[PDB]
file start00.cif (mmCIF, N, CA and C atoms)
data_query
loop_
_atom_site.group_PDB
_atom_site.id
_atom_site.type_symbol
_atom_site.label_atom_id
_atom_site.label_comp_id
_atom_site.auth_asym_id
_atom_site.auth_seq_id
_atom_site.Cartn_x
_atom_site.Cartn_y
_atom_site.Cartn_z
ATOM 1 N N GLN W 220 -24.906 -22.174 30.371
ATOM 2 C CA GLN W 220 -25.253 -20.769 30.042
ATOM 3 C C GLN W 220 -23.979 -19.927 29.838
ATOM 4 N N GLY W 221 -24.153 -18.711 29.297
ATOM 5 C CA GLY W 221 -23.035 -17.806 28.979
ATOM 6 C C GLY W 221 -23.018 -17.415 27.506
ATOM 7 N N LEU W 222 -24.223 -17.255 26.922
ATOM 8 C CA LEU W 222 -24.395 -16.853 25.513
ATOM 9 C C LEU W 222 -24.239 -15.320 25.388
ATOM 10 N N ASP W 223 -22.974 -14.887 25.372
ATOM 11 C CA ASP W 223 -22.566 -13.468 25.247
ATOM 12 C C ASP W 223 -21.418 -13.400 24.217
ATOM 13 N N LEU W 224 -21.484 -14.358 23.281
ATOM 14 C CA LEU W 224 -20.413 -14.664 22.328
ATOM 15 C C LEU W 224 -20.289 -13.577 21.254
ATOM 16 N N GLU W 225 -21.424 -12.907 20.948
ATOM 17 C CA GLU W 225 -21.479 -11.768 20.011
ATOM 18 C C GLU W 225 -20.545 -10.637 20.486
ATOM 19 N N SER W 226 -20.701 -10.274 21.776
ATOM 20 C CA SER W 226 -19.952 -9.181 22.428
ATOM 21 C C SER W 226 -18.440 -9.476 22.441
ATOM 22 N N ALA W 227 -18.114 -10.761 22.642
ATOM 23 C CA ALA W 227 -16.733 -11.242 22.732
ATOM 24 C C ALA W 227 -16.035 -11.230 21.358
ATOM 25 N N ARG W 228 -16.755 -11.714 20.330
ATOM 26 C CA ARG W 228 -16.180 -11.940 18.989
ATOM 27 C C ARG W 228 -16.042 -10.634 18.190
ATOM 28 N N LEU W 229 -16.925 -9.633 18.447
ATOM 29 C CA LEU W 229 -16.876 -8.326 17.737
ATOM 30 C C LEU W 229 -15.639 -7.518 18.168
ATOM 31 N N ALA W 230 -15.231 -7.712 19.431
ATOM 32 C CA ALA W 230 -14.039 -7.069 20.007
ATOM 33 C C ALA W 230 -12.756 -7.628 19.365
ATOM 34 N N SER W 231 -12.776 -8.942 19.099
ATOM 35 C CA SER W 231 -11.679 -9.652 18.427
ATOM 36 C C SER W 231 -11.710 -9.400 16.900
ATOM 37 N N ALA W 232 -12.922 -9.150 16.359
ATOM 38 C CA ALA W 232 -13.135 -8.863 14.925
ATOM 39 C C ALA W 232 -12.548 -7.497 14.563
ATOM 40 N N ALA W 233 -12.718 -6.528 15.483
ATOM 41 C CA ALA W 233 -12.134 -5.193 15.355
ATOM 42 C C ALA W 233 -10.602 -5.297 15.450
ATOM 43 N N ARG W 234 -10.107 -5.664 16.660
ATOM 44 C CA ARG W 234 -8.669 -5.876 16.970
ATOM 45 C C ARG W 234 -7.810 -4.588 16.770
ATOM 46 N N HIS W 235 -6.656 -4.515 17.459
ATOM 47 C CA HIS W 235 -5.669 -3.430 17.258
ATOM 48 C C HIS W 235 -4.349 -4.026 16.726
ATOM 49 N N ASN W 236 -4.056 -3.750 15.441
ATOM 50 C CA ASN W 236 -2.851 -4.233 14.752
ATOM 51 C C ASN W 236 -2.583 -3.370 13.491
ATOM 52 N N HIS W 237 -1.484 -2.592 13.534
ATOM 53 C CA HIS W 237 -1.017 -1.731 12.420
ATOM 54 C C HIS W 237 0.293 -1.037 12.812
ATOM 55 N N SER W 238 1.107 -0.687 11.798
ATOM 56 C CA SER W 238 2.408 -0.025 11.994
ATOM 57 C C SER W 238 2.962 0.483 10.649
ATOM 58 N N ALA W 239 4.044 1.287 10.731
ATOM 59 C CA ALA W 239 4.842 1.709 9.564
ATOM 60 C C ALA W 239 5.656 0.523 9.004
ATOM 61 N N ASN W 240 5.688 -0.595 9.774
ATOM 62 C CA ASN W 240 6.227 -1.879 9.309
ATOM 63 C C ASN W 240 5.474 -2.346 8.062
ATOM 64 N N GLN W 241 4.125 -2.189 8.063
ATOM 65 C CA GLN W 241 3.233 -2.632 6.957
ATOM 66 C C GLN W 241 3.598 -1.965 5.613
ATOM 67 N N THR W 242 4.151 -0.747 5.700
ATOM 68 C CA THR W 242 4.644 0.013 4.545
ATOM 69 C C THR W 242 5.865 -0.697 3.898
ATOM 70 N N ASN W 243 6.928 -0.898 4.712
ATOM 71 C CA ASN W 243 8.187 -1.547 4.269
ATOM 72 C C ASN W 243 7.957 -3.031 3.953
ATOM 73 N N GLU W 244 6.961 -3.603 4.651
ATOM 74 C CA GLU W 244 6.502 -4.973 4.456
ATOM 75 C C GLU W 244 5.908 -5.092 3.054
ATOM 76 N N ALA W 245 5.048 -4.131 2.674
ATOM 77 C CA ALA W 245 4.422 -4.105 1.346
ATOM 78 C C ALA W 245 5.487 -4.030 0.251
ATOM 79 N N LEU W 246 6.454 -3.105 0.412
ATOM 80 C CA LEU W 246 7.573 -2.918 -0.544
ATOM 81 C C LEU W 246 8.311 -4.250 -0.827
ATOM 82 N N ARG W 247 8.816 -4.872 0.257
ATOM 83 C CA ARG W 247 9.607 -6.112 0.178
ATOM 84 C C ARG W 247 8.748 -7.304 -0.305
ATOM 85 N N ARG W 248 7.448 -7.335 0.087
ATOM 86 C CA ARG W 248 6.519 -8.416 -0.305
ATOM 87 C C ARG W 248 6.278 -8.383 -1.802
ATOM 88 N N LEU W 249 6.027 -7.175 -2.352
ATOM 89 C CA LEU W 249 5.805 -6.990 -3.799
ATOM 90 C C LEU W 249 7.055 -7.428 -4.576
ATOM 91 N N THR W 250 8.247 -7.123 -4.020
ATOM 92 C CA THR W 250 9.533 -7.586 -4.581
ATOM 93 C C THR W 250 9.570 -9.136 -4.699
ATOM 94 N N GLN W 251 9.154 -9.830 -3.614
ATOM 95 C CA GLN W 251 9.170 -11.319 -3.543
ATOM 96 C C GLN W 251 7.982 -11.926 -4.327
ATOM 97 N N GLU W 252 6.945 -11.097 -4.537
ATOM 98 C CA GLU W 252 5.690 -11.474 -5.205
ATOM 99 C C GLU W 252 5.904 -11.509 -6.737
ATOM 100 N N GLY W 253 6.840 -10.676 -7.229
ATOM 101 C CA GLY W 253 7.199 -10.640 -8.658
ATOM 102 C C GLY W 253 6.992 -9.270 -9.281
ATOM 103 N N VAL W 254 6.756 -8.257 -8.437
ATOM 104 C CA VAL W 254 6.610 -6.852 -8.868
ATOM 105 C C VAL W 254 7.963 -6.138 -8.705
ATOM 106 N N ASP W 255 8.476 -5.569 -9.813
ATOM 107 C CA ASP W 255 9.729 -4.796 -9.811
ATOM 108 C C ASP W 255 9.529 -3.471 -9.071
ATOM 109 N N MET W 256 10.530 -3.094 -8.264
ATOM 110 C CA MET W 256 10.506 -1.880 -7.426
ATOM 111 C C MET W 256 10.299 -0.601 -8.266
ATOM 112 N N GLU W 257 11.028 -0.518 -9.392
ATOM 113 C CA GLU W 257 11.008 0.649 -10.298
ATOM 114 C C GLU W 257 9.641 0.797 -10.996
ATOM 115 N N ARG W 258 9.080 -0.353 -11.435
ATOM 116 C CA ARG W 258 7.808 -0.398 -12.198
ATOM 117 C C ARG W 258 6.637 -0.057 -11.265
ATOM 118 N N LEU W 259 6.753 -0.570 -10.034
ATOM 119 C CA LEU W 259 5.878 -0.246 -8.903
ATOM 120 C C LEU W 259 5.907 1.272 -8.629
ATOM 121 N N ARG W 260 7.119 1.862 -8.573
ATOM 122 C CA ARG W 260 7.318 3.299 -8.265
ATOM 123 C C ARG W 260 6.714 4.196 -9.359
ATOM 124 N N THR W 261 6.791 3.721 -10.614
ATOM 125 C CA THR W 261 6.204 4.411 -11.765
ATOM 126 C C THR W 261 4.668 4.418 -11.659
ATOM 127 N N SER W 262 4.077 3.214 -11.570
ATOM 128 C CA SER W 262 2.615 3.010 -11.549
ATOM 129 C C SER W 262 1.957 3.672 -10.315
ATOM 130 N N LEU W 263 2.718 3.734 -9.211
ATOM 131 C CA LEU W 263 2.253 4.305 -7.941
ATOM 132 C C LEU W 263 2.251 5.846 -8.041
ATOM 133 N N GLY W 264 3.373 6.403 -8.541
ATOM 134 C CA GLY W 264 3.522 7.852 -8.730
ATOM 135 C C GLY W 264 2.507 8.412 -9.728
ATOM 136 N N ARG W 265 2.162 7.575 -10.728
ATOM 137 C CA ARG W 265 1.106 7.864 -11.714
ATOM 138 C C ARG W 265 -0.271 7.960 -11.030
ATOM 139 N N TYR W 266 -0.541 7.003 -10.120
ATOM 140 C CA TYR W 266 -1.802 6.948 -9.356
ATOM 141 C C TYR W 266 -1.991 8.227 -8.498
ATOM 142 N N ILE W 267 -0.888 8.729 -7.902
ATOM 143 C CA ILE W 267 -0.914 9.950 -7.061
ATOM 144 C C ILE W 267 -1.441 11.158 -7.868
ATOM 145 N N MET W 268 -0.960 11.257 -9.111
ATOM 146 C CA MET W 268 -1.222 12.400 -10.001
ATOM 147 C C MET W 268 -2.366 12.090 -10.991
ATOM 148 N N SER W 269 -2.714 13.098 -11.813
ATOM 149 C CA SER W 269 -3.647 12.934 -12.937
ATOM 150 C C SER W 269 -2.903 12.255 -14.106
ATOM 151 N N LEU W 270 -2.854 10.916 -14.071
ATOM 152 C CA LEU W 270 -2.037 10.088 -14.995
ATOM 153 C C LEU W 270 -2.735 8.717 -15.186
ATOM 154 N N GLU W 271 -2.139 7.847 -16.020
ATOM 155 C CA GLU W 271 -2.563 6.438 -16.193
ATOM 156 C C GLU W 271 -2.505 5.674 -14.845
ATOM 157 N N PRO W 272 -3.540 4.848 -14.491
ATOM 158 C CA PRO W 272 -3.570 4.116 -13.201
ATOM 159 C C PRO W 272 -2.590 2.921 -13.177
ATOM 160 N N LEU W 273 -2.428 2.337 -11.984
ATOM 161 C CA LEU W 273 -1.618 1.128 -11.788
ATOM 162 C C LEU W 273 -2.400 -0.124 -12.269
ATOM 163 N N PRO W 274 -1.703 -1.162 -12.849
ATOM 164 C CA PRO W 274 -2.368 -2.394 -13.358
ATOM 165 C C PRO W 274 -2.978 -3.243 -12.212
ATOM 166 N N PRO W 275 -3.971 -4.155 -12.520
ATOM 167 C CA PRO W 275 -4.579 -5.071 -11.516
ATOM 168 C C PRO W 275 -3.547 -6.005 -10.836
ATOM 169 N N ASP W 276 -2.329 -6.090 -11.417
ATOM 170 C CA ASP W 276 -1.153 -6.723 -10.785
ATOM 171 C C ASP W 276 -0.740 -5.939 -9.524
ATOM 172 N N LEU W 277 -0.480 -4.631 -9.708
ATOM 173 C CA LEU W 277 -0.118 -3.716 -8.606
ATOM 174 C C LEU W 277 -1.250 -3.642 -7.564
ATOM 175 N N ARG W 278 -2.499 -3.655 -8.065
ATOM 176 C CA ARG W 278 -3.698 -3.587 -7.227
ATOM 177 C C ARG W 278 -3.786 -4.802 -6.287
ATOM 178 N N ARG W 279 -3.739 -6.020 -6.877
ATOM 179 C CA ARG W 279 -3.903 -7.290 -6.132
ATOM 180 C C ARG W 279 -2.769 -7.467 -5.110
ATOM 181 N N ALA W 280 -1.554 -7.015 -5.493
ATOM 182 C CA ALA W 280 -0.338 -7.113 -4.669
ATOM 183 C C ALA W 280 -0.482 -6.267 -3.386
ATOM 184 N N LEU W 281 -0.849 -4.989 -3.589
ATOM 185 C CA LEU W 281 -1.070 -4.017 -2.504
ATOM 186 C C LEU W 281 -2.197 -4.469 -1.555
ATOM 187 N N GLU W 282 -3.344 -4.845 -2.142
ATOM 188 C CA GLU W 282 -4.553 -5.289 -1.407
ATOM 189 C C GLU W 282 -4.315 -6.605 -0.640
ATOM 190 N N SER W 283 -3.409 -7.440 -1.162
ATOM 191 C CA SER W 283 -3.023 -8.706 -0.521
ATOM 192 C C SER W 283 -2.169 -8.446 0.731
ATOM 193 N N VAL W 284 -1.326 -7.389 0.690
ATOM 194 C CA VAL W 284 -0.608 -6.921 1.898
ATOM 195 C C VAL W 284 -1.593 -6.211 2.868
ATOM 196 N N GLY W 285 -2.591 -5.510 2.310
ATOM 197 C CA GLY W 285 -3.614 -4.812 3.107
ATOM 198 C C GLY W 285 -3.667 -3.313 2.847
ATOM 199 N N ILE W 286 -2.801 -2.819 1.945
ATOM 200 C CA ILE W 286 -2.791 -1.404 1.536
ATOM 201 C C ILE W 286 -3.655 -1.263 0.283
ATOM 202 N N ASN W 287 -4.827 -0.640 0.415
ATOM 203 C CA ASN W 287 -5.730 -0.435 -0.723
ATOM 204 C C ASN W 287 -5.182 0.685 -1.629
ATOM 205 N N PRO W 288 -4.900 0.416 -2.951
ATOM 206 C CA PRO W 288 -4.553 1.473 -3.912
ATOM 207 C C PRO W 288 -5.751 2.407 -4.180
ATOM 208 N N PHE W 289 -6.866 1.854 -4.707
ATOM 209 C CA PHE W 289 -8.002 2.647 -5.213
ATOM 210 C C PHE W 289 -8.838 3.253 -4.074
ATOM 211 N N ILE W 290 -8.438 4.472 -3.700
ATOM 212 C CA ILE W 290 -9.161 5.346 -2.772
ATOM 213 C C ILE W 290 -9.966 6.370 -3.603
ATOM 214 N N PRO W 291 -11.249 6.668 -3.231
ATOM 215 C CA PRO W 291 -12.080 7.656 -3.955
ATOM 216 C C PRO W 291 -11.601 9.107 -3.722
ATOM 217 N N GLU W 292 -12.010 9.999 -4.631
ATOM 218 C CA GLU W 292 -11.538 11.401 -4.668
ATOM 219 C C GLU W 292 -12.240 12.293 -3.623
ATOM 220 N N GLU W 293 -13.078 11.689 -2.759
ATOM 221 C CA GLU W 293 -13.613 12.365 -1.558
ATOM 222 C C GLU W 293 -12.488 12.578 -0.510
ATOM 223 N N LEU W 294 -11.436 11.722 -0.564
ATOM 224 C CA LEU W 294 -10.181 11.943 0.204
ATOM 225 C C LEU W 294 -9.257 12.919 -0.558
ATOM 226 N N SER W 295 -9.560 13.103 -1.864
ATOM 227 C CA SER W 295 -8.768 13.901 -2.828
ATOM 228 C C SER W 295 -7.356 13.312 -3.017
ATOM 229 N N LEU W 296 -7.229 11.996 -2.712
ATOM 230 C CA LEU W 296 -5.954 11.251 -2.694
ATOM 231 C C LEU W 296 -4.928 11.900 -1.734
ATOM 232 N N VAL W 297 -5.431 12.434 -0.607
ATOM 233 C CA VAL W 297 -4.588 13.033 0.450
ATOM 234 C C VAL W 297 -4.527 12.085 1.665
ATOM 235 N N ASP W 298 -5.705 11.764 2.228
ATOM 236 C CA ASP W 298 -5.826 10.972 3.482
ATOM 237 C C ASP W 298 -5.463 9.468 3.285
ATOM 238 N N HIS W 299 -5.331 9.030 2.019
ATOM 239 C CA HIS W 299 -5.097 7.605 1.664
ATOM 240 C C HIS W 299 -3.756 7.058 2.235
ATOM 241 N N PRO W 300 -3.682 5.730 2.602
ATOM 242 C CA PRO W 300 -2.443 5.116 3.178
ATOM 243 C C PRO W 300 -1.314 4.982 2.125
ATOM 244 N N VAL W 301 -1.714 5.163 0.853
ATOM 245 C CA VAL W 301 -0.871 4.953 -0.330
ATOM 246 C C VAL W 301 0.220 6.048 -0.444
ATOM 247 N N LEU W 302 0.006 7.207 0.239
ATOM 248 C CA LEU W 302 1.010 8.296 0.302
ATOM 249 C C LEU W 302 2.271 7.840 1.047
ATOM 250 N N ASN W 303 2.082 7.345 2.288
ATOM 251 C CA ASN W 303 3.189 6.884 3.162
ATOM 252 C C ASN W 303 3.935 5.703 2.525
ATOM 253 N N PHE W 304 3.158 4.869 1.808
ATOM 254 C CA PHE W 304 3.687 3.749 1.027
ATOM 255 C C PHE W 304 4.637 4.266 -0.061
ATOM 256 N N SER W 305 4.131 5.220 -0.860
ATOM 257 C CA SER W 305 4.865 5.813 -1.979
ATOM 258 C C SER W 305 6.085 6.599 -1.491
ATOM 259 N N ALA W 306 5.961 7.209 -0.295
ATOM 260 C CA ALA W 306 7.008 8.031 0.320
ATOM 261 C C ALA W 306 8.231 7.168 0.602
ATOM 262 N N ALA W 307 7.984 6.071 1.346
ATOM 263 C CA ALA W 307 9.016 5.090 1.707
ATOM 264 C C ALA W 307 9.602 4.429 0.458
ATOM 265 N N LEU W 308 8.742 4.217 -0.545
ATOM 266 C CA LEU W 308 9.105 3.609 -1.834
ATOM 267 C C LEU W 308 10.141 4.457 -2.598
ATOM 268 N N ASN W 309 9.799 5.731 -2.875
ATOM 269 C CA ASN W 309 10.630 6.603 -3.725
ATOM 270 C C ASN W 309 11.944 6.960 -3.014
ATOM 271 N N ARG W 310 11.887 7.172 -1.676
ATOM 272 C CA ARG W 310 13.081 7.549 -0.883
ATOM 273 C C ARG W 310 14.032 6.348 -0.728
ATOM 274 N N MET W 311 13.449 5.125 -0.682
ATOM 275 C CA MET W 311 14.214 3.866 -0.642
ATOM 276 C C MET W 311 15.032 3.708 -1.928
ATOM 277 N N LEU W 312 14.341 3.828 -3.080
ATOM 278 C CA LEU W 312 14.961 3.650 -4.406
ATOM 279 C C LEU W 312 15.969 4.773 -4.706
ATOM 280 N N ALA W 313 15.637 6.003 -4.272
ATOM 281 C CA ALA W 313 16.516 7.182 -4.402
ATOM 282 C C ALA W 313 17.828 6.963 -3.633
ATOM 283 N N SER W 314 17.704 6.352 -2.442
ATOM 284 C CA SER W 314 18.845 6.017 -1.579
ATOM 285 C C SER W 314 19.678 4.855 -2.183
ATOM 286 N N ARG W 315 18.990 3.924 -2.891
ATOM 287 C CA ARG W 315 19.627 2.738 -3.514
ATOM 288 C C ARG W 315 20.541 3.148 -4.690
ATOM 289 N N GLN W 316 19.953 3.805 -5.709
ATOM 290 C CA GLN W 316 20.719 4.346 -6.850
ATOM 291 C C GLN W 316 21.354 5.709 -6.463
ATOM 292 N N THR W 317 20.640 6.831 -6.707
ATOM 293 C CA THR W 317 21.131 8.201 -6.461
ATOM 294 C C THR W 317 20.057 9.219 -6.907
ATOM 295 N N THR W 318 20.240 10.485 -6.496
ATOM 296 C CA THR W 318 19.464 11.638 -6.994
ATOM 297 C C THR W 318 20.452 12.732 -7.450
ATOM 298 N N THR W 319 20.890 12.626 -8.716
ATOM 299 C CA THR W 319 21.858 13.548 -9.327
ATOM 300 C C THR W 319 21.124 14.692 -10.068
ATOM 301 N N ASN W 320 21.338 15.947 -9.604
ATOM 302 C CA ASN W 320 20.749 17.177 -10.182
ATOM 303 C C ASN W 320 19.188 17.096 -10.229
#

call {"tool": "encode", "arguments": {"input": "start00.cif", "output": "structure tokens"}}
result
Amino acid sequence: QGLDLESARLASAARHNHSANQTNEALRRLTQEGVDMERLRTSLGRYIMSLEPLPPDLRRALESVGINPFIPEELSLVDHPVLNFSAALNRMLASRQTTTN
């Protein structure tokens, strides 16, 4: 006896695991995956604004790390995890090259 396996497995199904590591992890993973940092920064910045969306390449890459690109406009693209992703992205590349004028 001891059939209480539902209660045990749902707690493990939920789990606690997340960090700002996942942001920098996504950046470096997409780099190793075959997505260029600059092209990523373009398609991502476009997604933030009223512009052309990111390709299913950028989509599959992000979703494979666990960061969903396509958030509905009920969040108004504010509450989405893709902001913190884009933040670390643009400031990383800005620090790499430069921000002149």

call {"tool": "resolve_selection", "arguments": {"input": "start00.cif", "expression": "the PyMOL selection byres (((chain W and resi 262 and name CA) around 12) and name CA)", "output": "list in words"}}
result
residues 254, 255, 256, 257, 258, 259, 260, 261, 263, 264, 265, 266, 267, 268, 269, 270, 271, 272, 273, 274, 275, 276, 277, 278, 288, 301, 305, 308 and 309 of chain W

call {"tool": "resolve_selection", "arguments": {"input": "start00.cif", "expression": "the PyMOL selection byres (((chain W and resi 235-241 and name CA) around 10) and name CA)", "output": "list in words"}}
result
residues 230, 231, 232, 233, 234, 242, 243, 244, 245, 246, 247, 248, 284, 285, 286, 303, 304 and 307 of chain W

call {"tool": "atom_distance", "arguments": {"input": "start00.cif", "atom1": "atom CA of residue 283 of chain W", "atom2": "atom N of residue 249 of chain W"}}
result
9.4 Å

call {"tool": "atom_distance", "arguments": {"input": "start00.cif", "atom1": "atom C of residue 251 of chain W", "atom2": "atom C of residue 280 of chain W"}}
result
10.2 Å

call {"tool": "atom_distance", "arguments": {"input": "start00.cif", "atom1": "atom C of residue 299 of chain W", "atom2": "atom C of residue 319 of chain W"}}
result
28.8 Å

call {"tool": "select_by_dssp", "arguments": {"input": "start00.cif", "residues": "chain W", "states": "alpha helix (DSSP H)", "output": "ChimeraX atom specification"}}
result
/W:224-233,240-252,256-267,275-284,301-315

call {"tool": "axis_aligned_box", "arguments": {"input": "start00.cif", "around": "segment 224-228 of chain W", "padding_each_side": "3 Å", "output": "AutoDock Vina command-line options"}}
result
--center_x -18.8 --center_y -11.9 --center_z 20.7 --size_x 11.4 --size_y 11.5 --size_z 11.1
